[PDB]
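Asks: Here you go, one structure.
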Amino acid sequence: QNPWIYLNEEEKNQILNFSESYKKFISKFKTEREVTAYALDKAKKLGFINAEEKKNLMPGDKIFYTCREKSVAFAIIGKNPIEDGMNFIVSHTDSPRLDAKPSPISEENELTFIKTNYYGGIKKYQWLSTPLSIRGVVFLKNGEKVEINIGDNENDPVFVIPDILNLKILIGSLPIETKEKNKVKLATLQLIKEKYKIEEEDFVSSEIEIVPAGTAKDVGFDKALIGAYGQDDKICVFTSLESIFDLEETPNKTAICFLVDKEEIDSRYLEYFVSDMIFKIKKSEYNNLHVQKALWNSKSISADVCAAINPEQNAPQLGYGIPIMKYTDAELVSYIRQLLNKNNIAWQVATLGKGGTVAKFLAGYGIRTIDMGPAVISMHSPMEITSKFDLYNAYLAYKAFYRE
């Protein structure tokens, strides 16, 4: 039946606007750090406060916990006793990219490249002959942090990985007049030094990942699809953040909107910040056994999207609802069935062969978890295709959840 049909111009416009926001978003923030900053700055406004500077913890309190520039907390304390449980969302900030080697700069056949190391489920041949953007953090010999972002931006140059007819990013040609060995390497190295104050070796340390350059676009004549890079869960990072973000009024039962990094596969940060909130709530009476009880009650949703079909009644389809995934607790599923149906939110079912890490881990603490995220096409490619209807749909699924 495809949900679109039962909508009206109003709702239809709500979707189209929410999607423009989503675009300006994934278009800008592509790396874990970048997305973290985005998230953080949004909550900084809207009124969220850092965990510290806060010994207090009252219903309606909007706070946030920072991990290490790659993960964030974001919690709005609810009316019910924090002991009776909380609701977590959890989505991963990272996505597949390249990561330059510790000592990446090298010259080959009169050309300078960056070494790089495949990260995530890359589709190799898809990264060949494509505009790339270098993004990184570099600490100098004196631990002075510097930031790079080249590829997007106006007039900005791009970098590629040539092909015929390993993974090395082309950085530059034309030499420098010197009796030194590799001239194109030096030539290029001086540029980077003159422009960034960076010297070779500053590359050890530092964190530099190569990302598909370019901006998100609309797919098809009907502009009903979004093709972009990072769709893998950034659609969830975005939608979940929104749902929790001041788009409500104090909720019964505390709301948590995690956002983890899979590089850190965070693995304990949950225990730490959740036990921190509990201590703020019961000073002289704090106690390990609480938390444990707090966590054991809580229910959580795991974002990470899932694949769809190209070119079965258990595979999802674009623009047909948020799918409730299951890899290959009925009572929790029942809770969401009703919850969604109650609000008239469109959902789907989905079985998967070979997100999972996050589903686990969460359930490892006692939190009853469920897998829910949109559905993607050309997954883990520089252009993952998603539906705008699903985008808004997810945001409604979440939130609706937060407001049980």
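FYI, nothing fancy with the structure tokens labels: chains A, B, ... in order, residues from 1 per chain, ligands from 1 as they appear.
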Do you have, as a Markdown table, the list of residues of segment 146-243 of chain A lying at most 12 Å from segment 370-390 of chain A, each with its nearest atom pair and that distance in Å to one decimal, counting only C-alpha atoms and ordered by chain then number?

Replies:
| residue | atom | partner | partner_atom | distance |
| --- | --- | --- | --- | --- |
| A:210 | CA | A:382 | CA | 11.6 |
| A:211 | CA | A:382 | CA | 8.5 |
| A:212 | CA | A:382 | CA | 5.9 |
| A:213 | CA | A:382 | CA | 8.8 |
| A:214 | CA | A:382 | CA | 9.5 |
| A:215 | CA | A:383 | CA | 10.1 |
| A:216 | CA | A:383 | CA | 8.4 |
| A:217 | CA | A:383 | CA | 9.3 |
| A:218 | CA | A:385 | CA | 9.5 |
| A:219 | CA | A:385 | CA | 7.9 |
| A:220 | CA | A:385 | CA | 10.7 |
| A:222 | CA | A:388 | CA | 11.2 |
| A:223 | CA | A:388 | CA | 8.9 |
| A:224 | CA | A:388 | CA | 6.0 |
| A:225 | CA | A:387 | CA | 4.7 |
| A:226 | CA | A:386 | CA | 5.3 |
| A:227 | CA | A:385 | CA | 4.4 |
| A:228 | CA | A:383 | CA | 4.5 |
| A:229 | CA | A:382 | CA | 4.8 |
| A:230 | CA | A:384 | CA | 7.5 |
| A:231 | CA | A:384 | CA | 5.9 |
| A:232 | CA | A:380 | CA | 6.9 |
| A:233 | CA | A:373 | CA | 7.7 |
| A:234 | CA | A:373 | CA | 10.4 |
| A:235 | CA | A:374 | CA | 7.8 |
| A:236 | CA | A:373 | CA | 6.6 |
| A:237 | CA | A:373 | CA | 10.1 |
| A:238 | CA | A:373 | CA | 11.4 |
| A:239 | CA | A:373 | CA | 9.6 |
| A:240 | CA | A:373 | CA | 9.9 |

Asks: Mind dumping the selected residues with N, CA and C atoms as a compact mmCIF listing (two decimals), in the first residue's frame?

Replies:
# COMPACT_ATOMS: atom_id res chain seq x y z
N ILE A 210 39.99 9.36 5.22
CA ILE A 210 39.55 9.78 3.90
C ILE A 210 38.09 9.38 3.69
N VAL A 211 37.28 10.37 3.36
CA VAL A 211 35.84 10.23 3.18
C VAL A 211 35.39 10.63 1.78
N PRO A 212 34.27 10.06 1.30
CA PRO A 212 33.75 10.40 -0.03
C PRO A 212 33.36 11.86 -0.01
N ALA A 213 33.99 12.68 -0.84
CA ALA A 213 33.66 14.09 -0.87
C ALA A 213 32.34 14.26 -1.59
N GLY A 214 31.77 15.44 -1.50
CA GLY A 214 30.50 15.68 -2.17
C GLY A 214 29.38 15.95 -1.19
N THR A 215 28.24 16.37 -1.74
CA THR A 215 27.09 16.69 -0.91
C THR A 215 25.91 15.75 -1.21
N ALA A 216 25.06 15.55 -0.21
CA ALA A 216 23.89 14.68 -0.34
C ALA A 216 22.96 15.22 -1.40
N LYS A 217 22.29 14.31 -2.09
CA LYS A 217 21.39 14.72 -3.15
C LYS A 217 20.03 14.05 -3.06
N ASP A 218 19.14 14.42 -3.97
CA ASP A 218 17.82 13.83 -4.04
C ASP A 218 17.88 12.81 -5.16
N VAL A 219 17.34 11.62 -4.92
CA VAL A 219 17.36 10.59 -5.94
C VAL A 219 16.02 10.41 -6.64
N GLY A 220 16.06 10.38 -7.98
CA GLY A 220 14.86 10.19 -8.78
C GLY A 220 14.08 11.44 -9.15
N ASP A 222 10.92 12.03 -8.68
CA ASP A 222 10.04 12.41 -7.59
C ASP A 222 10.77 12.91 -6.34
N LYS A 223 12.09 12.93 -6.39
CA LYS A 223 12.88 13.39 -5.24
C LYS A 223 12.43 12.72 -3.93
N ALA A 224 12.04 11.46 -4.01
CA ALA A 224 11.58 10.75 -2.84
C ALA A 224 12.67 9.96 -2.13
N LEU A 225 13.91 10.07 -2.62
CA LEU A 225 15.00 9.33 -2.00
C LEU A 225 16.23 10.19 -1.77
N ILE A 226 17.01 9.80 -0.78
CA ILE A 226 18.23 10.50 -0.45
C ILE A 226 19.39 9.55 -0.63
N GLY A 227 20.36 9.96 -1.45
CA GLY A 227 21.53 9.15 -1.67
C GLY A 227 22.66 9.94 -1.04
N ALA A 228 23.33 9.35 -0.05
CA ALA A 228 24.44 10.03 0.61
C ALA A 228 25.39 9.04 1.29
N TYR A 229 26.53 9.56 1.75
CA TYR A 229 27.54 8.76 2.43
C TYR A 229 27.40 8.90 3.93
N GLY A 230 27.48 7.78 4.63
CA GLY A 230 27.38 7.81 6.08
C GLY A 230 25.98 7.46 6.52
N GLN A 231 25.11 7.22 5.55
CA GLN A 231 23.75 6.86 5.87
C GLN A 231 23.73 5.77 6.94
N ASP A 232 24.72 4.88 6.93
CA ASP A 232 24.77 3.82 7.93
C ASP A 232 24.81 4.43 9.32
N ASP A 233 23.61 4.47 9.88
CA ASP A 233 23.28 4.97 11.21
C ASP A 233 23.33 6.46 11.45
N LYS A 234 23.89 7.23 10.52
CA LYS A 234 23.88 8.68 10.72
C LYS A 234 22.44 9.17 10.56
N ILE A 235 21.63 8.31 9.93
CA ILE A 235 20.21 8.58 9.74
C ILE A 235 19.55 8.34 11.09
N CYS A 236 20.16 7.46 11.88
CA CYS A 236 19.68 7.11 13.21
C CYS A 236 20.24 8.04 14.26
N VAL A 237 21.50 8.40 14.09
CA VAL A 237 22.12 9.34 15.00
C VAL A 237 21.23 10.58 14.95
N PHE A 238 20.98 11.04 13.73
CA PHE A 238 20.16 12.22 13.49
C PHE A 238 18.73 12.13 14.02
N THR A 239 17.99 11.12 13.59
CA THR A 239 16.61 10.93 14.02
C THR A 239 16.42 10.74 15.52
N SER A 240 17.31 9.99 16.15
CA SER A 240 17.17 9.77 17.58
C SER A 240 17.48 11.06 18.32

Asks: Find the residues near residue 102 of chain A: any atom within 8 Å, counting only C-alpha atoms, skip ones fewer than 6 places away on the same chain, and give them as a PDB file with N, CA and C atoms, in the first residue's frame.

Replies:
ATOM      1  N   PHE A 203      52.343  13.112  11.454  1.00  0.00           N
ATOM      2  CA  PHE A 203      51.395  12.121  10.961  1.00  0.00           C
ATOM      3  C   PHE A 203      51.294  10.920  11.879  1.00  0.00           C
ATOM      4  N   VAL A 204      52.359  10.617  12.617  1.00  0.00           N
ATOM      5  CA  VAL A 204      52.263   9.531  13.594  1.00  0.00           C
ATOM      6  C   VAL A 204      51.272  10.224  14.512  1.00  0.00           C
ATOM      7  N   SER A 205      50.744   9.581  15.538  1.00  0.00           N
ATOM      8  CA  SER A 205      49.761  10.300  16.347  1.00  0.00           C
ATOM      9  C   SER A 205      48.762  10.779  15.290  1.00  0.00           C
TER      10      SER A 205
END

Asks: Work out how far apart atom CA of residue 317 of chain A and atom CA of residue 13 of chain A are and give it in Å to one decimal.

Replies: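 So the two atoms, atom CA of residue 317 of chain A and atom CA of residue 13 of chain A, lie 21.9 Å apart.
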
Asks: Hey, can you check how far atom CA of residue 19 of chain A sits from atom CA of residue 319 of chain A?

Replies: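 Spanning atom CA of residue 19 of chain A to atom CA of residue 319 of chain A is a straight-line distance of 13.2 Å.
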
Asks: Where does DSSP see strand (DSSP E) in segment 177-382 of chain A, if you list the residues as a PyMOL selection string?

Replies: chain A and resi 207-212+217-219+225-228+255-256+299-302+306-307+322-327+347-352+368-372+375-376

Asks: Please produce a file of the residues just selected, as a short mmCIF file (atom, residue, chain, number, x, y, z; two decimals), in the first residue's frame, where the atoms kept are N, CA, C and O atoms.

Replies:
data_model
loop_
_atom_site.label_atom_id
_atom_site.label_comp_id
_atom_site.auth_asym_id
_atom_site.auth_seq_id
_atom_site.Cartn_x
_atom_site.Cartn_y
_atom_site.Cartn_z
N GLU A 207 44.98 11.81 13.60
CA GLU A 207 43.94 10.87 13.16
C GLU A 207 43.36 11.43 11.88
O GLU A 207 42.65 12.42 11.89
N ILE A 208 43.67 10.79 10.76
CA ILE A 208 43.23 11.27 9.46
C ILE A 208 42.50 10.23 8.63
O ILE A 208 43.09 9.23 8.21
N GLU A 209 41.22 10.47 8.37
CA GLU A 209 40.43 9.54 7.59
C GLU A 209 39.92 10.15 6.29
O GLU A 209 39.49 11.30 6.25
N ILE A 210 39.99 9.36 5.22
CA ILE A 210 39.55 9.78 3.90
C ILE A 210 38.09 9.38 3.69
O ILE A 210 37.71 8.22 3.83
N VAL A 211 37.28 10.37 3.36
CA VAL A 211 35.84 10.23 3.18
C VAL A 211 35.39 10.63 1.78
O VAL A 211 36.03 11.44 1.12
N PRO A 212 34.27 10.06 1.30
CA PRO A 212 33.75 10.40 -0.03
C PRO A 212 33.36 11.86 -0.01
O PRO A 212 32.51 12.26 0.77
N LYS A 217 22.29 14.31 -2.09
CA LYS A 217 21.39 14.72 -3.15
C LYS A 217 20.03 14.05 -3.06
O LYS A 217 19.79 13.22 -2.19
N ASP A 218 19.14 14.42 -3.97
CA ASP A 218 17.82 13.83 -4.04
C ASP A 218 17.88 12.81 -5.16
O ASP A 218 18.40 13.09 -6.23
N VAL A 219 17.34 11.62 -4.92
CA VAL A 219 17.36 10.59 -5.94
C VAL A 219 16.02 10.41 -6.64
O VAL A 219 14.97 10.33 -6.00
N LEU A 225 13.91 10.07 -2.62
CA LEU A 225 15.00 9.33 -2.00
C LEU A 225 16.23 10.19 -1.77
O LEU A 225 16.46 11.17 -2.46
N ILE A 226 17.01 9.80 -0.78
CA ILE A 226 18.23 10.50 -0.45
C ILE A 226 19.39 9.55 -0.63
O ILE A 226 19.41 8.44 -0.08
N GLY A 227 20.36 9.96 -1.45
CA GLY A 227 21.53 9.15 -1.67
C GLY A 227 22.66 9.94 -1.04
O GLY A 227 22.90 11.08 -1.43
N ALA A 228 23.33 9.35 -0.05
CA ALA A 228 24.44 10.03 0.61
C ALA A 228 25.39 9.04 1.29
O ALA A 228 25.10 7.85 1.38
N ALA A 255 14.94 9.68 29.77
CA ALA A 255 15.31 9.44 28.37
C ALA A 255 16.82 9.58 28.16
O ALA A 255 17.43 10.57 28.56
N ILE A 256 17.42 8.58 27.53
CA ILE A 256 18.85 8.58 27.24
C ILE A 256 19.00 8.40 25.74
O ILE A 256 18.34 7.55 25.15
N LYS A 299 14.67 -0.15 29.06
CA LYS A 299 14.42 -0.76 27.76
C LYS A 299 15.23 0.06 26.75
O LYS A 299 15.33 1.29 26.87
N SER A 300 15.81 -0.59 25.76
CA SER A 300 16.59 0.17 24.78
C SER A 300 16.33 -0.24 23.35
O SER A 300 15.95 -1.38 23.06
N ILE A 301 16.54 0.73 22.46
CA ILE A 301 16.40 0.54 21.02
C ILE A 301 17.80 0.65 20.42
O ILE A 301 18.59 1.45 20.87
N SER A 302 18.12 -0.17 19.44
CA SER A 302 19.42 -0.07 18.81
C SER A 302 19.15 0.42 17.39
O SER A 302 18.48 -0.24 16.60
N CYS A 306 19.42 -1.19 8.42
CA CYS A 306 19.62 -2.52 7.84
C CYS A 306 19.49 -2.46 6.33
O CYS A 306 19.00 -1.47 5.79
N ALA A 307 19.92 -3.51 5.64
CA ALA A 307 19.84 -3.54 4.18
C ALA A 307 18.41 -3.77 3.68
O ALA A 307 17.54 -4.17 4.44
N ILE A 322 9.47 1.84 9.65
CA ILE A 322 10.72 1.51 10.32
C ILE A 322 10.65 0.01 10.54
O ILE A 322 9.67 -0.51 11.05
N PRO A 323 11.68 -0.72 10.13
CA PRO A 323 11.59 -2.16 10.34
C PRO A 323 12.12 -2.62 11.70
O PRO A 323 13.14 -2.13 12.18
N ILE A 324 11.41 -3.57 12.32
CA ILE A 324 11.84 -4.13 13.59
C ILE A 324 12.71 -5.31 13.18
O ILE A 324 12.21 -6.35 12.79
N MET A 325 14.02 -5.13 13.26
CA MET A 325 14.97 -6.17 12.88
C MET A 325 15.11 -7.29 13.90
O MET A 325 14.79 -7.13 15.07
N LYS A 326 15.63 -8.41 13.42
CA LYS A 326 15.85 -9.60 14.23
C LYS A 326 17.00 -10.33 13.55
O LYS A 326 16.92 -10.62 12.35
N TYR A 327 18.07 -10.62 14.28
CA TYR A 327 19.20 -11.31 13.68
C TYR A 327 19.03 -12.82 13.72
O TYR A 327 18.40 -13.37 14.63
N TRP A 347 5.48 0.26 10.45
CA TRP A 347 6.67 -0.53 10.71
C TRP A 347 6.78 -1.72 9.77
O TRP A 347 5.89 -1.97 8.95
N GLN A 348 7.89 -2.45 9.90
CA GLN A 348 8.15 -3.61 9.06
C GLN A 348 8.88 -4.67 9.87
O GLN A 348 9.23 -4.45 11.03
N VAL A 349 9.10 -5.82 9.26
CA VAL A 349 9.84 -6.90 9.90
C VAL A 349 11.07 -7.13 9.04
O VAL A 349 11.04 -6.86 7.84
N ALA A 350 12.16 -7.61 9.63
CA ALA A 350 13.37 -7.83 8.87
C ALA A 350 14.27 -8.86 9.51
O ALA A 350 14.60 -8.76 10.69
N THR A 351 14.66 -9.87 8.73
CA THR A 351 15.55 -10.91 9.21
C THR A 351 16.91 -10.62 8.57
O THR A 351 16.96 -10.19 7.41
N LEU A 352 18.00 -10.85 9.29
CA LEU A 352 19.32 -10.55 8.74
C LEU A 352 20.32 -11.70 8.83
O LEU A 352 20.33 -12.45 9.79
N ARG A 368 16.53 -4.40 28.36
CA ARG A 368 15.78 -5.13 27.34
C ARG A 368 15.92 -4.36 26.03
O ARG A 368 15.44 -3.23 25.92
N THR A 369 16.58 -4.96 25.04
CA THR A 369 16.79 -4.28 23.77
C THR A 369 15.98 -4.80 22.57
O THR A 369 15.47 -5.93 22.58
N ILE A 370 15.88 -3.96 21.54
CA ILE A 370 15.16 -4.26 20.30
C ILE A 370 15.86 -3.52 19.15
O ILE A 370 16.32 -2.39 19.33
N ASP A 371 15.95 -4.15 17.99
CA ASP A 371 16.62 -3.55 16.84
C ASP A 371 15.70 -2.80 15.88
O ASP A 371 14.83 -3.40 15.25
N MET A 372 15.89 -1.50 15.76
CA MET A 372 15.06 -0.70 14.87
C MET A 372 15.80 0.45 14.23
O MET A 372 16.34 1.32 14.91
N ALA A 375 15.85 1.42 6.41
CA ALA A 375 16.38 0.40 5.52
C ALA A 375 17.23 1.09 4.43
O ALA A 375 16.82 2.10 3.86
N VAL A 376 18.40 0.53 4.14
CA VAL A 376 19.30 1.12 3.16
C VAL A 376 19.62 0.31 1.90
O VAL A 376 19.61 -0.92 1.92
#

Asks: I want to know what sits within 10 Å of segment 160-176 of chain A, based on only C-alpha atoms, with residues of the same chain fewer than 4 positions away left out; could you give that as a PyMOL selection string?

Replies: chain A and resi 98+100+104-118+124-125+127-134+180+182-191+210+212-213

Asks: Could you list, as a ChimeraX atom specification, every residue within 8 Å of segment 31-34 of chain A, counting only C-alpha atoms and ignoring same-chain residues fewer than 6 positions away?

Replies: /A:69-71,93-95,135,261

Asks: Hey, which of A:277, A:89, A:339, A:140 ends up closest to residue 362 of chain A? Count only C-alpha atoms.

Replies: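 For residue 362 of chain A, the nearest of the candidates is A:89.
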
Asks: Write down as a VMD selection string the residues belonging to segment 251-392 of chain A that are assigned alpha helix (DSSP H) by DSSP computed on the backbone.

Replies: chain A and resid 269 to 281 289 to 297 330 to 343 356 to 365 388 to 392

Asks: Find the spatial neighbours of residue 286 of chain A, counting only C-alpha atoms, within a cut-off of 12 Å - ignore same-chain residues fewer than 6 positions away - and output them as a PyMOL selection string.

Replies: chain A and resi 83+275-280+292

Asks: Do you have, as CSV, the list of residues of segment 82-171 of chain A lying at most 10 Å from segment 72-78 of chain A, each with its nearest atom pair and that distance in Å to one decimal, counting only C-alpha atoms and ordered by chain then number?

Replies:
residue,atom,partner,partner_atom,distance
A:82,CA,A:78,CA,7.5
A:85,CA,A:78,CA,9.9
A:86,CA,A:78,CA,8.4
A:87,CA,A:75,CA,9.6
A:88,CA,A:75,CA,9.0
A:90,CA,A:73,CA,9.1
A:93,CA,A:72,CA,9.4

Asks: Provide the atom CA of residue 296 of chain A to atom CA of residue 84 of chain A distance in Å, to one decimal place.

Replies: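 Between atom CA of residue 296 of chain A and atom CA of residue 84 of chain A the gap works out to 8.9 Å.
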
Asks: A:11, A:264, A:358, A:30: which is nearest residue 149 of chain A, counting only C-alpha atoms?

Replies: A:30
